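Peer 1: turn this into a structure:
(one chain, ligands or ions: 2)
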Amino acid sequence: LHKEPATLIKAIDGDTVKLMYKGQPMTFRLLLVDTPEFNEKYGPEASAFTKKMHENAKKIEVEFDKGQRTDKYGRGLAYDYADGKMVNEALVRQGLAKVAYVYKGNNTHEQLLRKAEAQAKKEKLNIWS
Ligand SMILES: Cc1cn([C@H]2C[C@H](OP(=O)(O)O)[C@@H](COP(=O)(O)O)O2)c(=O)[nH]c1=O
Ligand SMILES: [Ca+2]
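Peer 2: Numbers count the residues shown, from 1 in each chain. Ligands and ions are numbered 1, 2, ... in the order given. Shown next is the structure:
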């Protein structure tokens, strides 16, 4: 896989963000994770986490996997990097997202995220408390 540029347009919630990609506004849905909705427990914390991570970044990148690049709602499906640090992974590592939505052919970073989730669970963080 490879990283490609994007710029933040606006925070949305824990696992979706509006980015400009190839010069077009898109909503991106983060691969292989599920954050709580804003109205749910740890939703506001997940939203804040993802907002901060994108807003503080000098450089945002997206990395598409080998399969589907947009979902049925027109959202881009990607791994999102803030100054080289994967947002998807960080969410999981902090207990603010579960590994989820693992479809065959877009699951390159599955095991990386599962390892993170295991560490979050061991530390009893957030969703795992
Ligand atoms: C993460 C992801 C979600 N989706 C779809 C499945 C779910 O369909 P349904 O809306 O029918 O439940 C939905 C979950 O996203 P959200 O967690 O953003 O709701 O997005 C994909 O198709 N591919 C993906 O990789
Ligand atoms: Ca969600």
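
Peer 1: did I read that right, residue 90 in a helix?
Peer 2: Yes - counting by DSSP: H, G, I helix; E, B strand; the rest coil, residue 90 is found in a helix.

Peer 1: I'd like to know how many residues surround it.
Peer 2: Residue 90: 18 surrounding residues under other C-beta atoms under 10 Å. C-betas here are computed from N, CA, C, even on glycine.

Peer 1: what sits against it?
Peer 2: 49, 53 (C-beta atoms under 8 Å, 6 or more residues apart in numbering).

Peer 1: ligand 1 contacts on this protein?
Peer 2: With the criterion set to C-beta under 6 Å from any ligand atom, the chain comes near ligand 1 through 29, 31, 34, 71, 72, 77, 101, 103.

Peer 1: and which of those is nearest to ligand 2?
Peer 2: Closest approach to ligand 2 among the residues of the chain next to ligand 1 (C-beta to the ion): residue 34, at 4.8 Å.

Peer 1: tell me which two in the residues of the chain next to ligand 1 are the farthest apart.
Peer 2: Distance extremes for these: the farthest pair is 34 and 72 at 16.3 Å, using C-beta to C-beta.

Peer 1: which one of those two has more residues nearby?
Peer 2: Legend: neighbour count by other C-beta under 10 Å for residue 34 and residue 72, higher for residue 34 (18 against 6).
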